[PDB]
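>>> when you get a sec, could you give me coordinates for this:
(chains A and B)
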Amino acid sequence: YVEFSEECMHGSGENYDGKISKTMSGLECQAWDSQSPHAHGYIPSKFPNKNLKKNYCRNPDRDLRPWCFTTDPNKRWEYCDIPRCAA
Amino acid sequence: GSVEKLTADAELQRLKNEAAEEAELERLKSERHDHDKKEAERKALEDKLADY
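Numbers count the residues shown, from 1 in each chain, chains lettered A, B, ... in the order given. Pasting the structure now:
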């Protein structure tokens, strides 16, 4: 929408529902329900509570920060960098 | 055909995922997260050495 966005996330952001399909490295994210040749067992149907849809960055592990699978065979999954609140 | 180069590796991980999928899915999802980062170290030389 705009070039200069101003927002913040809650710590790790396990409840992150923001729309973004790119990693912190600017890599394209793979769809969770896709079937490119990847090694994984993260089926959206197994975690419907975390709202896994399309190819948007999500965090079903509740780790340090949201990540996503890449469509590049050179990489498996990469983290996403989102501005977090100070407190 | 498909990518069946890591047939043994995939099977091991799958068997573990299937077993843990019961209730240890929370642990499984975390374990895989820490193991896959190590896979980048192993598969780096492993996939390079293994032609088939």
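>>> for residue B:38, which three-state class applies?
Judged by DSSP: H, G, I helix; E, B strand; the rest coil, the three-state class of residue B:38 is helix.
>>> run through the residues that contact it.
Counting by C-beta atoms under 8 Å, 6 or more residues apart in numbering or on different chains, residue B:38 touches no other residue. C-beta: built from backbone N, CA, C; applies to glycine.
>>> residues in contact with the residue sitting nearest the centre point of chain A?
Closest residue to the average C-alpha location of chain A: residue A:57 at 1.8 Å, with C-alpha atoms, centre = their mean. By C-beta under 8 Å, 6+ apart, residue A:57 lies in contact with A:16, A:18, A:20, A:21, A:22, A:23, A:29, A:66, A:67, A:68, A:80.
>>> now restrict these to buried residues only.
A:16, A:21, A:22, A:23, A:29, A:66, A:67, A:68, A:80 (16 or more other C-beta atoms under 10 Å in any protein chain shown).
>>> wait, the fourth one sits on residue A:69?
No: at 9.5 Å, residue A:23 and residue A:69 do not qualify as touching, with contact defined as C-beta atoms under 8 Å.
>>> residues shared between the contacts of these two?
Common neighbours of residue A:23 and residue A:69 (C-beta under 8 Å, 6+ apart) are residue A:29.
>>> please name the residues that touch the residue lying closest to residue B:28 once chain neighbours are set aside.
Leaving aside its chain neighbours, residue B:28 sits nearest to residue B:20 (3.8 Å; criterion: C-beta to C-beta, 6 or more residues apart in numbering or on different chains). Counting by C-beta under 8 Å, 6+ apart, residue B:20 makes contact with B:27, B:28, B:31.
>>> likewise for residue A:27?
Counted by C-beta under 8 Å, 6+ apart, residue A:27 has contacts A:70, A:71, A:72, A:75, A:78.
>>> check residue A:40 too.
residue A:69.
>>> now with 10 Å?
A:30, A:32, A:69, A:76, A:77, B:13, B:17, B:32, B:36 (C-beta atoms under 10 Å, 6 or more residues apart in numbering or on different chains).
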